[PDB]
Amino acid sequence: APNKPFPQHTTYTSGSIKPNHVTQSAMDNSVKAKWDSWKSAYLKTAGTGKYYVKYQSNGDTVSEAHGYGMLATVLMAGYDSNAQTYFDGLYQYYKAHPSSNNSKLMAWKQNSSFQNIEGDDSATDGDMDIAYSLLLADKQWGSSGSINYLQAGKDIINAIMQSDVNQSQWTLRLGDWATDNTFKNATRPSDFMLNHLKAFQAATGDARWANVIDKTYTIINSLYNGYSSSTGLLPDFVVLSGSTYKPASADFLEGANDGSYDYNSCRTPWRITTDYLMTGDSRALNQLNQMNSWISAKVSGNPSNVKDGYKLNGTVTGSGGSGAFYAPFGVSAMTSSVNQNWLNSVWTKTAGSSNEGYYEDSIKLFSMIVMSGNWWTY
């Protein structure tokens with residue numbers, strides 16, 4: 001039986017808050033309902049012994065989606081009696097899709113027949129969530145069964161350090177391909193999963209992870225003060241120019257909003273706050289607090305007014321509402337009791353929302369796990 005069955009009712013750092021206009025059991029049951037709806041839409045078989053996550057309508061996948069499936073299945077054990085079967089199947093799918101640069105990392109994208117497409121290099125975020133999910137699996141089920149989760153997790157973590165970390169700068173690369181002069185020093189703030197990195201250090205003893213945590217907090221604060229002092233917002237991509245990290249310019253890698261708060265960075269208020277929640281580490285607290293203050297004022301406290309993109313100065317770039325964007329602000333709102341009403345509003349919006357699509361629904365689900373007090377770490 002699972003050692004950390006959902007719901008764990010984790011105690012987060014002192015002074016943090018959870019929604020308080022609904023009961024704890026209503027929250028737990030909302031998460032349960034969202035998990036059932038997520039799996040019904042997104043969690044699919046992938047040939048015998050394998051599962052995968054369908055990230056788009058045509059049945060393609062990416063390693064980001066894979067790692068969200070792995071993470072969710074382990075967190076939802078205790079509720080979902082098939083959690084370990086799903087997790088194991090997802091594991092076997094990951095093992096069958098090694099990156100062409102480091103065989104412990106994952107080839108980032110497959111078509112609907114599970115063949116690698118668009119290049120078979122890794123993506124650092126998918127790698128990191130797969131790695132973290134394996135440490136959680138060791139906690140959840142133990143490593144004595146048919147898969148030694150802890151060892152699998154160490155092996156991928158060491159690979160991330162080997163191939164997905166720039167060890168000159170102690171920054172996370174975009175992936176194991178990102179080694180040339182244009183891309184080697186670039187980093188994606190949505191990969192700043194500081195609390196995953198602490199877990200990596202704990203599992204391996206490698207203090208290089210501490211170097212990356214330290215540098216990454218320095219970058220967050222440099223960009224905050226330098227580029228987003230009134231909003232707290234971080235750009236989709238960051239580049240090193242001369243002495244200083246800066247937002248990327250348009251069409252650096254994905255599109256026109258590469259130096260703005262867009263579809264990558266919408267995850268940062270979730271990923272960064274989680275370290276604070278779990279540890280009390282206050283090194284991004286001013287940045288997160290500024291975000292809370294700015295967004296809740298920007299939208300007059302109504303989560304339906306959050307748009308799917310902003311410039312770093314707070315100018316709207318998005319054209320619509322999106323749970324990928326409102327739900328992570330719910331998590332950052334948890335830093336202070338001054339946001340109680342705003343956090344309650346985000347909760348209600350998120351829990352009451354319809355299925356929007358793989359990306360939005362995954363982000364809402366994790367945000368709900370966190371807001372309900374059910375996140376936990378290695």
Side-chain angles (χ1 to χ4, degrees), residues 55-56 62 64-65 123 125 174 182-183 186-193 219-241 244-273 284 286-333 339 342 345-346 349-350 353-364 366-367:
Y55 108 114
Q56 268 173 353
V62 294
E64 170 203 269
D125 60 334
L174 304 178
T182 303
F183 288 107
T187 194
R188 180 167 41 233
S190 60
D191 300 358
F192 292 177
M193 311 182 209
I219 291 172
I220 290 162
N221 286 104
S222 178
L223 285 164
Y224 162 42
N225 289 294
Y227 293 91
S228 69
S229 70
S230 70
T231 72
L233 303 174
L234 295 168
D236 268 28
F237 296 96
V238 169
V239 304
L240 179 60
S241 146
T244 264
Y245 289 86
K246 302 181 187 292
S249 62
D251 296 328
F252 171 77
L253 191 62
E254 289 178 8
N257 297 140
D258 289 354
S260 292
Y261 187 84
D262 207 87
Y263 272 76
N264 292 277
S265 278
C266 63
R267 287 165 300 187
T268 56
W270 157 39
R271 295 304 202 171
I272 302 173
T273 305
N286 296 163
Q287 178 257 159
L288 292 174
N289 282 331
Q290 190 74 57
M291 279 196 290
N292 295 333
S293 186
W294 171 77
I295 189 70
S296 54
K298 184 60 174 195
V299 299
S300 306
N302 179 355
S304 293
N305 295 156
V306 169
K307 301 261 189 300
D308 62 343
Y310 298 91
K311 295 193 166 157
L312 309 181
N313 67 10
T315 300
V316 170
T317 63
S319 69
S322 171
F325 287 65
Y326 62 72
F329 289 128
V331 177
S332 58
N339 309 132
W342 166 235
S345 295
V346 180
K349 177 84 189 168
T350 304
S353 59
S354 292
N355 278 182
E356 288 168 71
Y358 146 77
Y359 191 53
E360 302 80 4
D361 293 345
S362 305
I363 293 172
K364 285 187 292 181
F366 294 117
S367 299

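One-based numbering along the sequence shown.
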When the side chains of residues 298-305 are checked against the rest of the protein, which donor-acceptor pairs come out under 3.5 Å, sequence neighbours left out?
from : atom 1 : to   : atom 2 : distance (Å)
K298 : NZ     : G314 : O      : 2.8
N302 : OD1    : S304 : N      : 3.0
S304 : OG     : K349 : NZ     : 2.9

Backbone N or O of [Y] within a donor-acceptor pair of the [X] side chain at under 3.5 Å?
X: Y359; Y: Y263; answer: yes
X: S228; Y: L233; answer: yes
X: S367; Y: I363; answer: yes
X: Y358; Y: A65; answer: yes

**OP:** Name all residues meeting the side-chain hydrogen bond (donor to acceptor under 3.5 Å, both in side chains) criterion together with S265; count only those two or more places apart in sequence or in a different chain, and write none if there are none.
**Re:** none
Subject >> Residue list, side-chain hydrogen bond (donor to acceptor under 3.5 Å, both in side chains) with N313, at least two apart or on another chain >> reply: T315
Subject >> Within-4.5 Å side-chain heavy-atom neighbours: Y261 and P269 >> reply: yes
**OP:** Taking salt bridge (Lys or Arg N to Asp or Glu O under 4.0 Å) as the test, write out the residues that go with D191, two or more places apart.
**Re:** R188
**OP:** Just jot down the salt bridge (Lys or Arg N to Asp or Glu O under 4.0 Å) partners of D308, sequence neighbours excluded, or say none.
**Re:** none
**OP:** State, to 0.1 Å, how close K246 and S241 come at their nearest heavy-atom pair, and which atoms those are.
**Re:** CE-OG, 3.8 Å
**OP:** Measure across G259 and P235 and return the closest heavy-atom pair with its distance rounded to 0.1 Å.
**Re:** O-CB, 3.4 Å
Would you give the length of the straight line joining atom [atom1] of [X] to atom [atom2] of [Y], rounded to the nearest 0.5 angstrom?
X: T231; Y: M291; atom1: OG1; atom2: CE; value: 8.5 Å
X: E360; Y: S354; atom1: CD; atom2: OG; value: 12.5 Å
X: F237; Y: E254; atom1: CZ; atom2: CD; value: 3.5 Å
X: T268; Y: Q287; atom1: OG1; atom2: CD; value: 6.5 Å
X: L234; Y: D262; atom1: CG; atom2: CG; value: 13.5 Å

Original post:
Only one of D125, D258, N257, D236 clears side chain to side chain donor-acceptor pair (under 3.5 Å) with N264; which?
Top reply: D236
Show me the donor-acceptor pairs within less than 3.5 Å that the side chains of residues 322-331 make with the rest of the protein, sequence neighbours left out.
from : atom 1 : to   : atom 2 : distance (Å)
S322 : OG     : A324 : N      : 3.2

